[PDB]
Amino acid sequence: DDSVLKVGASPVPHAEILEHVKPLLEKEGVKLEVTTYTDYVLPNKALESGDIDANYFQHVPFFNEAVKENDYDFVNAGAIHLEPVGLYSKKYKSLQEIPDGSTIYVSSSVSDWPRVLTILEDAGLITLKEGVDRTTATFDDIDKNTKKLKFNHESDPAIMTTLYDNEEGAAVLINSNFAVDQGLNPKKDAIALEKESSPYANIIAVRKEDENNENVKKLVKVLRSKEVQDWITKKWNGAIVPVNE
């Protein structure tokens, strides 16, 4: 019942998922402990410093950028779930209603930029240039822009819900962890939603020396088990999508 495993997480759904599985981990001889973080920097700082043994908040493209930028010696212990990202607006209820020259507000996190670009492409409002590296797409890669949309990417991910609430810009990209915590339902409230979120699975990350840690593996397996995945699916009504790999 008792090897300690300290995991840092976003409040919702991550920390709520972790709390939910504590009794299951206790049966596997692990005492799961959760530290909640409101941003996307401190959970990685905390993992490097040892304040936590693992984190659960980021997807692989974000992880790779963070590793490159900060020389973090971390590893990906496994994907757990997807959060199809939405564009939100109180004023405009469809992308097609957005006036020409409107500004779309997205966070400063460059690894989420391709996601707003794929949403606008799926909607038929933009195309990306021929021979663009789609893996690292930025606003400079836009070719067709039917509504001549402008993009503001200055704000932190944690303040995107504020921009939405204050009605800044025609629409706002909000990561689902933040949107759900503020009472938004991505599958009902978003004016446009990301369709293929597979590359943006949220992972368990650990320091490289703990790559083979058995307790981390127990956690990953419990988090992917059928009974936990069903609970996740029921709790947030499909906005949080469990993955098996």
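From 1 onward, residues are counted along the sequence shown.
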* Structure fact -> Higher avg CA temperature factor (8-16 vs 21-29, as deposited) belongs to 21-29
* Asked: Looking at the deposited entry, does 111-119 or 94-102 carry the larger mean Cα B-factor?
  -> 94-102
* Identify, among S197, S176, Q58, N44, the residue whose C-alpha carries the highest B-factor in the deposited PDB entry. => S197
* Can you tell me which third, lowest, middle or highest, the CA B-factor of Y88 falls into for its chain? -> lowest
* Looking at the C-alpha B-factor of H81, is it in the lowest, middle or highest third of its chain? -> lowest
* Asked: Split the chain's modelled residues into thirds by Cα B-factor; is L219 in the lowest, middle or highest one?
  -> lowest
* Please rank the C-alpha B-factors of the chain's modelled residues and tell me whether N202 sits in the lowest, middle or highest third. => lowest
* Classify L149 as lowest, middle or highest third according to the C-alpha B-factor given in the PDB entry, relative to its own chain. => middle
